[PDB]
Novice: 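Have a look at this one.
In what follows, chains carry the letters A, B, and so on, assigned in the order in which the sequence lines appear, proteins first and then strands, with residues in each chain numbered from 1.
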There are 2 protein chains.
Amino acid sequence: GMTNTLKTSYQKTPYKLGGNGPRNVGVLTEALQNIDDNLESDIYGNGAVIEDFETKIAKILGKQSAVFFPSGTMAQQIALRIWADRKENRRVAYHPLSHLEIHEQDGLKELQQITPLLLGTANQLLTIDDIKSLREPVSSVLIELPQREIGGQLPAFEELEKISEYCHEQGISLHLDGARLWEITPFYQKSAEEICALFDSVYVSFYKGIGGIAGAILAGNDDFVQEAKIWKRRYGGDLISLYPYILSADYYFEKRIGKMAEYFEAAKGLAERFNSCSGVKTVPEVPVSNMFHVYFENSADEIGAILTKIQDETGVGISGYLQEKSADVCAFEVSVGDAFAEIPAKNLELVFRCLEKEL
Amino acid sequence: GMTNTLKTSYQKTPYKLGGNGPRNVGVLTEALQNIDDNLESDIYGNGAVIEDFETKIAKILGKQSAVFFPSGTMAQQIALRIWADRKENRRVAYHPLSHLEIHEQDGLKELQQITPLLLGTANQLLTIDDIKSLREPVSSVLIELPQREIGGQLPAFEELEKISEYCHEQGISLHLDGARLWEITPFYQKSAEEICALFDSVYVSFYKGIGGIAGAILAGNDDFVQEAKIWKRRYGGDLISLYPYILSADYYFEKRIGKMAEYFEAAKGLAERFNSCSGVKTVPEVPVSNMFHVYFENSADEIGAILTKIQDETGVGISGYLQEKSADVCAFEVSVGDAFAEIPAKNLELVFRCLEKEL
Ligand SMILES: [Cl-]
Ligand code: NA
C-alpha cells in the first residue's frame, strides 16, 4: 500500500531534506581517523578519554561536573530520582508528550515508582500557569527545549526565566531535557551555559542535531553527578569501555556545533517554501530551530502518492512516512542537518514546483 | 605504601601473564578493518548487524532467541525480574559473592525490589543441599560457572544436572551467569549448548575471556526474550546503534573462541609454576579454567615491593594490584588469554627464579 511505496521511494533518493546522511559504519570509521590506536580505553567511568570529555561538556554547559551516559533514557530517569530523594517527593511534572512519558516503555514509573503529573495539554506548550495549577507539590519539573512532539516549539526566553524563578521560590528542582539544546541557541541568542544556568540539572544528546552515533551527558553540581554515577552502575550503564561513543560524540560535536545557526536559517527557508504551498502549513509556522512539522489538508494515502511521485522524479527524499492526524489531515517531521546543503538547487526548486502543481 | 607504585610498574611492562593485550582504540580499529563503511547501523534493536549476531549466539547456546545488551549487569537484573513476575515471587537465591550481590551497587534490590537469599558460605561453592535446604519458595536460582570470586571453582557437571532436575520438579527457574561460560567448556568436555540445556536462561559476556570491548547476550525462550526487550528500553539499554560493540564482539569471538582449551592448558602450567614457589599457592590448586587466584603468606606492601622489582627487571607484568586478605596475607587474580604465549621463554623463567629467590 501507500506506506511501503513511500518508504521504498524515500529510501531510493540520493538526496534528503532531513538528517545527516546514512547511519552506517563509515560514521564511526571517519571519527577514528585522527585517533591513535594506542589511545587507552576508559575503564568503568575513569580514564582521560572519558574524564576529559565530561570536563569539556561540563564547562560548555556551565556546570561543576558531568557524567557520560550510554543513553538519555537512563540519564533522565536517574536525574528525577535524585531530585525526588532530595525533596522526599516521588511526584514530578512535565509536558504530556515528554520522552519519559511516551518513549521509554514507562521506565520512570516502573523502575523509579515516580508519578508524573502532566502539564497543560498534549497539543501546546506548557506554561507557568500549568505549574501553578498543580494539585499537589512536586520534587521537580522537567522542561524539553524545544518541545519536539509539537514541532519543536519554544517559550519566549523571559518565560523560561519566570518558570526558573518560581521553581526556585517553591523549592522545585528544574531539569532540562536538552536532547536538542545545541539546535536552539541561534534562536534564543543565548549560549548553552546561559540556557542551562536556569536549571539544576541538564541532559544533552550527541546523536540528534550533532549527528553522532549515540550517547548522552548529564551535568550539574558535583554532589548530584556523584549520586548519578552510583545509579549508572545500578542501571548497567557503567560499561567497561564507552570510548566508541565518547570519541564519536566529541568528533561530531566539533564537526557540527558551528553549524547550528546555518541549520536554523536553512530550516526557516525550507518552512517558507512549504507554507507557500496551498493546503500545506508548518508547525511552528516559523521554525525556532532546525526542525518543524509539515501538515497537509489531505489524507496520508493521498499525500503519500504525491510525495512518492515527486521523490521519484527529483531524487529528493521528503519523508519516508506520514502520520495520520485526522480523517483528511496528515503530517511529518523535518530535522535539517548536513544532507540539506548537498541538494542541488535545481532539484530542490523542482520539488516545490511539483508540490505546488500536485495539490 | 606500594599500591600505585605497583600499578605503574605493571602498566609499563611490555609482556603480561594475564589478559589479551592492551585495551586501546586499536582493539576497535582491528575489528572494523574488514567491515564495509556502507554497512548499515542497527536501529533500536533491529537490523541485520544486530539480528544476525543474536541469532548466531542463540544457536551456539541452543536457545530459541537472544537479545544483545550493552551490559550483563542490566541483562541479569532483567532476567530475574522476568522469572519473578512469572512466579509471582520476588525472592531469588544465589552464591553470597554473586555479581548481582556485590558489584552492581545493589541494583537488583533497588531497581527490581527483589530479595536475594544467599546460598552456603562466601568462601566455598554452593551445593544442591544448600538449594534443597532453603525451605522457602523462590522464583529462581542463579548459578555462576565458574565462581570467579573464589578462584573460578566449578561443581561436578553431575551436580549441575541434579540441581537442574530439582529446580525443574519444584517449578524454580534456573539462570546461568555465564560471564565466563566459554572458558569452562574445556574442563567439562561439554559444549556451550549442553551446559545451557540445564538452564531456563543464560547471560554470556564478550569482553572477558573473548577479549572484546563490551557487551552481553541474554538468551532463552522467545517469550522470555521479548519481555527482556521491553525492560531493555526501560533501563535505557535500547541504544539507537549498538554496532560498535556487536561487530567487535563477533570479531573477537571468532578470533578467540577456539583457543579456550589452549588458555586452560596454559593456566594449569602457570599455576604449577606459582605453586612450586615457597610462600605461594593458587586457588584452585589446579585451575579448572583459564583463571585462578594466587595467594601469598605476606602483606600487600611486602609482596607489592617484590612484584614491582621483578616486573621492572623482567618486563613481565605479574599483577597490577594486590587484595589484602589479612595483615599478613594477600592475593590476586590471573585470567590467561593471548598475552601469555607472547612472553619470551627467558623472561618467563627469570620471573619465577626471582619469585623463588625473594620468597
Ligand atoms: Cl547537588
Ligand atoms: Na590511525
Side-chain angles (χ1 to χ4, degrees), chain A residues 22-30 32 35-43 47 49 69-78 81 103-113 205 207-208 212-216 229-245 247-248, chain B residues 11 22-30 32-33 35-43 49 69-78 81 103-113 207-208 212-216 229-245 247-248:
Chain A
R23 295 184 175 273
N24 58 23
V25 168
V27 173
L28 180 51
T29 64
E30 176 181 335
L32 295 179
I35 303 293
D36 189 338
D37 285 331
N38 294 322
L39 175 59
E40 289 283 328
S41 175
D42 55 305
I43 302 301
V49 60
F69 272 98
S71 72
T73 296
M74 187 174 296
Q76 295 203 113
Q77 288 180 35
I78 291 169
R81 178 58 185 273
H103 297 302
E104 301 173 17
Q105 289 288 351
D106 313 305
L108 181 64
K109 296 172 189 172
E110 298 280 13
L111 289 171
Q112 294 301 336
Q113 295 84 48
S205 189
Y207 83 97
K208 302 306 173 71
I213 301 178
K229 291 190 184 187
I230 298 181
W231 282 108
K232 189 168 75 174
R233 171 135 286 272
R234 290 178 178 170
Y235 267 78
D238 186 32
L239 273 46
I240 182 163
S241 296
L242 287 165
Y243 72 84
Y245 300 138
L247 296 169
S248 52
Chain B
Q11 292 163 356
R23 292 186 181 270
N24 60 28
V25 171
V27 174
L28 181 56
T29 295
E30 174 180 342
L32 300 180
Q33 290 188 293
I35 302 300
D36 190 333
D37 281 336
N38 294 325
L39 179 66
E40 287 287 337
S41 172
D42 51 306
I43 301 287
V49 59
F69 272 97
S71 73
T73 294
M74 184 185 294
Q76 299 204 113
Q77 289 183 32
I78 287 170
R81 173 58 181 270
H103 294 309
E104 306 176 12
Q105 289 288 348
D106 314 303
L108 184 61
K109 297 168 188 178
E110 293 288 355
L111 290 172
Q112 292 304 337
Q113 302 183 328
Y207 80 92
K208 301 187 179 190
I213 303 173
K229 292 184 177 183
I230 296 167
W231 284 105
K232 179 175 173 194
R233 171 140 285 278
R234 293 171 174 173
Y235 271 77
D238 184 40
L239 308 189
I240 183 174
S241 297
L242 287 167
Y243 71 82
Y245 298 141
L247 295 172
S248 50

Novice: Closest approach of A:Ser241 and B:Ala214, non-hydrogen atoms and distance?
Specialist: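 Taking A:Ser241 first and B:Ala214 second, the nearest heavy atoms are O-CB, 4.3 Å.
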Novice: Chain B heavy atoms under 4.5 Å from A:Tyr235: which part of the residue, side chain, backbone, both or neither?
Specialist: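 Contact with chain B is through both the backbone and side chain of A:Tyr235.
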Novice: Would you say the side-chain atoms of A:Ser41 pair up with the backbone N or O of B:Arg23, donor to acceptor, closer than 3.5 Å?
Specialist: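 Checking the backbone N and O of B:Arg23 against the side chain of A:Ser41, no donor-acceptor pair under 3.5 Å is found.
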Novice: Kindly indicate whether the side chain of B:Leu111, heavy atoms from C-beta on, has any atom under 4.5 Å from the side chain of A:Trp231.
Specialist: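 Touching, per the 4.5 Å side-chain cut-off.
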Novice: Output, in order, the C-alpha distance, side-chain angles, deciding distance and verdict of side chain to side chain contact (heavy atoms under 4.5 Å, CB included) for A:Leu247 and B:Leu28.
Specialist: CA-CA 12 Å; A:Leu247 296 169; B:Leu28 181 56; over 6 Å; no
Novice: Which atoms of B:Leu39 are under 4.5 Å from chain A, going by heavy atoms: the side chain, the backbone, both sets, or neither?
Specialist: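 Its backbone and side chain both get close to chain A.
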Novice: Is it the side chain or the backbone of B:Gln113 that comes within 4.5 Å of chain A heavy atoms, both, or neither?
Specialist: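 For B:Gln113, the contact with chain A is made by the side chain alone.
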Novice: Of the backbone (N, CA, C, O) and the side chain (C-beta and beyond), which part of A:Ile213 lies under 4.5 Å from a heavy atom of chain B, both, or neither?
Specialist: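 Answer is both: backbone and side chain atoms of A:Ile213 are under 4.5 Å from chain B.
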Novice: With chain B, which of A:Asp238, A:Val49, A:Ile230 has the greatest number of heavy-atom pairs at distances under 4.5 Å?
Specialist: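 Answer, by heavy-atom pair count under 4.5 Å with chain B: A:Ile230.
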Novice: So how far is it from B:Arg81 CZ to A:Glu110 CD, rounded to the nearest 0.5 Å?
Specialist: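 Atom-to-atom, B:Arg81:CZ and A:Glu110:CD are 6.5 Å apart.
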Novice: Against chain A, label B:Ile43 side chain, backbone, both or neither, depending on which of its atoms sit under 4.5 Å from a heavy atom there.
Specialist: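 Side chain only.
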Novice: Between A:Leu242 and chain B, with a heavy-atom cut-off of 4.5 Å, which part of the residue counts as in contact: side chain, backbone, both or neither?
Specialist: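 Both backbone and side chain of A:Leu242 come within 4.5 Å of chain B.
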Novice: Could you go through the side chain to side chain contact (heavy atoms under 4.5 Å, CB included) check for B:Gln11 and A:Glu40 one step at a time?
Specialist: CA-CA 11 Å; B:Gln11 292 163 356; A:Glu40 289 283 328; over 6 Å; no
Novice: For the residue pair A:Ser71 and B:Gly236, what are the closest heavy atoms and their distance?
Specialist: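 Answer, listing the atom of A:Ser71 first, then B:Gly236: OG-O, 2.8 Å.
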Novice: What part of B:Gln112 gets within 4.5 angstrom of chain A, counting heavy atoms only: side chain, backbone, both, or neither?
Specialist: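 Just the side chain, heavy atoms under 4.5 Å.
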Novice: With a 4.5 angstrom heavy-atom cut-off, which part of A:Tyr245 approaches chain B: side chain, backbone, both or neither?
Specialist: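 It is the side chain, since no backbone atom gets that close.
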Novice: Of all of A:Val27, A:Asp106, A:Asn38, which one pairs up most often with chain B through heavy atoms under 4.5 Å apart?
Specialist: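 The candidate making the most pairs under 4.5 Å is A:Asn38.
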Novice: Between B:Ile35, B:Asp37, B:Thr29, which shows the greatest number of heavy-atom pairs under 4.5 Å with chain A?
Specialist: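 Max contact count across the listed options: B:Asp37.
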Novice: Against chain A, label B:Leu32 side chain, backbone, both or neither, depending on which of its atoms sit under 4.5 Å from a heavy atom there.
Specialist: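 Only the side chain of B:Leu32 comes within 4.5 Å of chain A.
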Novice: What are the two closest non-hydrogen atoms of B:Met74 and A:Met74, and how far apart are they?
Specialist: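 Nearest heavy atoms, B:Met74 then A:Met74: CE-CE, 3.5 Å.
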Novice: Is A:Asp36 close to chain B through its backbone or its side chain, or both, or neither, when contacts mean heavy atoms under 4.5 Å?
Specialist: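 When you check distances to chain B, only backbone atoms of A:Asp36 fall under 4.5 Å.
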Novice: Is a side-chain donor or acceptor of A:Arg233 paired with a backbone partner of B:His103 at a separation under 3.5 angstrom?
Specialist: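 It does hold such a pair.
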Novice: Strictly distance-based, threshold 3.5 Å: is any side-chain N or O of A:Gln105 a donor or acceptor partner for the main-chain N or O of B:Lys229?
Specialist: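 It does not hold such a pair.
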Novice: Find out whether B:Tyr207 and A:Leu239 are in side-chain contact, i.e. whether some heavy atom of one side chain is under 4.5 Å from a heavy atom of the other.
Specialist: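 Sidechains of A:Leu239 and B:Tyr207: no contact.
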